[PDB]
Structure formats: structure tokens, C-alpha cells
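Here is the structure we will look at.
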Ligand SMILES: N[C@@H]1[C@@H](O)[C@H](O)[C@@H](COP(=O)(O)O)O[C@@H]1O
């Protein structure tokens, strides 16, 4: 069934709450974490880095990797995760899609199998401005598992700034789908700023439609939404 909301003043305070909750899940037996990228968990990550948490018997799973990038590429999500978390607080094993996979359909099948092998205890998520979840854009099937995503033109244009040559900018990603993500025992979603207010309301109040990827979270048995006052204006 259910979705608890914690409303908070701001991002910093929502990030402290997320930290406290993470630490409890871990003390109560969580071993596999699904992780988030983007701006939303950056302060939660700094807090973890400076904390006494120890992920050395734990496994982490990220949603996404860019096709064509290695883990050492500065533009990769593997590298993002290293910088913001793994260098300071390594896991037993941290999984991301292999963006260098020879057979994209084989890597997608592989990632599903890793999910089956390490089901996620706690998944951290952000939300997109159009209610996208990971790289799953409106119209994505609620049945989707790991799959090849063509990046939005806004994403390619944004990421283009970071590559000397245009022929080197990823146009695609290997991404956990909506059914993939929904398999977590517990989901903690964080949303801060007015830019998220509309996606937040649609996730909570709108119908369950592929038009709002996050609306599937309405059907998860254990979703915890942490939202600052502005992102929660609608709920
Ligand atoms: N990079 C991100 C996703 O990984 C993220 O969860 C979401 C919101 O991004 P942010 O947390 O920067 O607002 O949209 C993009 O696709």
C-alpha cells in the first residue's frame, strides 16, 4: 500500500533525516542499497563520507550508466559515485551498468540477474522535473526492467558542455526500469525546491499513468517521501 511524507525546511535538513534513516536501516539489517545520482543526494553523500558508517560488508547498486563511457571516464556515473561516495566509503561490491558492454542486450540481461542476486533493501531516489525516475521518461512501461534509453535532447545538450569533441557525448544509457526500481523493499525519495513541486504532486495525487513515471510509487508497499516546504507545496 503506503507512502509516508516527511516535510522539512530545506535540503540540508532533509539530507540529515535521510542519513538518520539510512543508518537505522543498516543497523536493522540492510545489506544492499540502491543509490541515486544528480544534485538531490549530494549533501546526504557528504554526510555519509564524514560519518562513522561502514559499507564494507554491503553491496550498492546504481540505476544508470552512459553507453560508451568507462568507469574511469570523468563523465561516467561510476566516477561520479567514486568522487561523492566510494573513495571515502567503499562497499564490498558496488555495481553500475558496463557502458563499454559489447552486446547492450547482454548487459541489460546481466543487470537484471544482479538485481535478482542482490535484491535492494533500501533505494535512494530523486525525482525529475517532469516526474522522470532515473532515466525513465514519461511513457516508460511500469513493467520495464534494465533497458537501453535514448537520452533526452536536454540531457545531451547539458552533458555536451563536458566533452572536448561532440562525437564523444553519450546519446544513450543502460538504466534500471520502473519494475526494477519498484522491487526495493523500501524506497526513500527526496525532492527539494519549487522546480520539483509539480512532479511531486503528480506522483502523490495524479492517476497511476506511464505519463508520470513516479506515480507507480503510489503502489509500493514502503515509500518514504522527504520533501522541503517548496517541493511539497502541492501535497
Ligand atoms: N540526473 C538525474 C537523475 O539521476 C535524477 O534522479 C533526476 C533529478 O536530478 P537532480 O537530483 O539533479 O534534480 O534527473 C536526472 O535524470
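Think of each number as a place in line: the chain as shown, counted from 1.
The deposited model was determined using X-ray crystallography, 2.0 Å.
Just so you know, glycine gets a Cβ as well, placed from its N, Cα and C.
Here's what Swiss-Prot has on this protein:
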{"type": "ACT_SITE", "residues": "64", "note": "active site, proton acceptor"}
{"type": "ACT_SITE", "residues": "130", "note": "active site, for ring-opening step"}
{"type": "ACT_SITE", "residues": "132", "note": "active site, proton acceptor"}
{"type": "ACT_SITE", "residues": "137", "note": "active site, for ring-opening step"}
Cα of residue 132 (active site, proton acceptor) to Cα of residue 64 (active site, proton acceptor), in Å and rounded, measures 13
One should report the C-alpha separation between residue 137 (active site, for ring-opening step) and residue 130 (active site, for ring-opening step), rounded to whole angstrom, as 8
Simplified to three states, DSSP reports residue 130 (active site, for ring-opening step) as coil
